[PDB]
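Novice: Input: one structure, supplied below.
With ideal geometry, Cβ positions are generated from the backbone for all residues, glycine too; neighbour counts draw on all protein chains shown. No lab work stands behind these numbers, since they all come straight from the coordinates.
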Amino acid sequence: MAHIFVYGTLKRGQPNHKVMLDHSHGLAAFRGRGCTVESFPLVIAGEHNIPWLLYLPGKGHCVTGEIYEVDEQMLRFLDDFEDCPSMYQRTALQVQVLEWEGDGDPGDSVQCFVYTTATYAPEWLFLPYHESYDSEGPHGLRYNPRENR
């Protein structure tokens, strides 16, 4: 019964999207769309091309993305798929609403939940920042979960 913000992994065309396509892994509904008007460090790291959102308000860029309403099971599935608390931690941040679908209208920003890290190595602050995360992009650095898939 919560509102979250997706960077990319269940938006453009990422491997992870399939999770929210079976209600038995939890509820998702397109509850409008948004960006982090709060500038964060979206950096690409790890040998499997695992970008991270370090919890640093006002450092970096505004990640464009989408706002899903979720049930407690979707919020819990991501609480086990993402290897949190080890890898990530679930946190609260500020998200500009680019569209709001339905009642319960917070104004032009909302407080969503996101997975972040506070436990990072300093090398990841020397990394470049980005405004979305899309396998389609010309970078040539895309996620490798089953590759062959």
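Novice: Test of understanding: ordering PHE30, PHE126, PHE77 by Cβ neighbours within 10 Å, fewest first, what list do you get?
Specialist: Working: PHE30 11, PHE126 7, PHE77 18.
Ranking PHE30, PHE126, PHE77 by Cβ neighbours within 10 Å, fewest first, gives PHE126, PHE30, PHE77.
Novice: Among the trypsin sites (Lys or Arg not before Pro) within segment 26-99, which fall in a DSSP loop and have no more than 16 other Cβ atoms within 10 Å of their own Cβ?
Specialist: On the way: sites: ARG31, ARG33, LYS59, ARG76, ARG90; in loops: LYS59.
Counting only loop positions with at most 16 other Cβ atoms within 10 Å, the trypsin sites (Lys or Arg not before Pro) in segment 26-99 are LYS59.
Novice: Where does each of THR36, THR64, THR91 land when they are ranked from fewest to most other beta-carbon atoms within 10 angstrom? Show your work: numbers first, answer last.
Specialist: On the way: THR36 25, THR64 19, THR91 14.
Exposure proxy ranking, most exposed first: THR91, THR64, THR36.
Novice: With no solvent and one point per C-alpha, what does the Debye sum give as log10 I(q)/I(0) for the chain at q = 0.09 Å⁻¹?
Specialist: Taken in order of the listed q values, log10 I(q)/I(0) reads -0.26.
Novice: Is any residue of segment 24-50 close enough, with backbone N under 15 Å, to a label point placed 7 angstrom from the Cα of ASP108 along the Cα-Cβ axis, and if so, which?
Specialist: Counting only backbone N, you get 34-38.
Novice: Note the full-extension length gain between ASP80 and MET1 as 0.36 nm times their separation in residues minus their Cα-Cα distance, in nm to one decimal. Don't skip to the answer; put the middle values down first.
Specialist: Working: separation 79, 0.36 × 79 = 28.44 nm, distance 1.79 nm.
Fully extending the segment from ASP80 to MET1 adds 26.6 nm.
Novice: Please give the charge dipole size of the chain, origin at the Cα centre, charges +1 on K and R Cβ atoms and -1 on D and E Cβ atoms. Round to the nearest 20 debye.
Specialist: Working: 11 positive and 21 negative charges, 77 e Å.
Its charge dipole is roughly 380 debye.
Novice: Something else about it: Within the chain, which is the longest segment containing none of the GluC sites (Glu not before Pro) that sit in a DSSP loop and have at most 11 other Cβ atoms within 10 Å? Working shown, then result.
Specialist: Details: sites that count: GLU47, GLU136, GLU147.
Result, exposed sites excluded: 48-135.
Novice: Taking neighbour counts of Cβ atoms within 10 Å as a proxy for exposure, in what order, fewest first, do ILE44, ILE4 appear?
Specialist: Working: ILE44 18, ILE4 22.
Taking fewest neighbouring Cβ atoms as first place, the list is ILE44, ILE4.
Novice: Counting each DSSP H run of 4 or more residues in the chain as -39500 (n - 2.57), what helix-only mean residue ellipticity at 222 nm follows after dividing by all residues, to the nearest 500 deg cm²/dmol?
Specialist: Dividing the helical sum by the residues of the chain leaves -2000 deg cm²/dmol.
Novice: Would you compute, for the Cα atoms of segment 3-48, the largest minus smallest coordinate along each principal axis and list the three values in descending order, in whole Å?
Specialist: 32, 29, 15
Novice: Just for the chain, what percent of DSSP beta bridges are antiparallel, to the closest 5? Write down the numbers at each step before the final one.
Specialist: Values: 25 of 27 bridges.
If I count the DSSP bridges inside the chain, around 95 percent turn out antiparallel.
Novice: Taking amide hydrogens as modeled 1.01 Å from N in the peptide plane, which residues meet the under 5 Å criterion relative to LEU53, leaving out close sequence neighbours?
Specialist: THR117
Novice: Among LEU98, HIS3, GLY60, pick out the residue whose Cα is farthest towards the positive end of the charge dipole of the chain, where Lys and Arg carry +1 and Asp and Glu carry -1 on C-beta, about the Cα centre.
Specialist: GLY60
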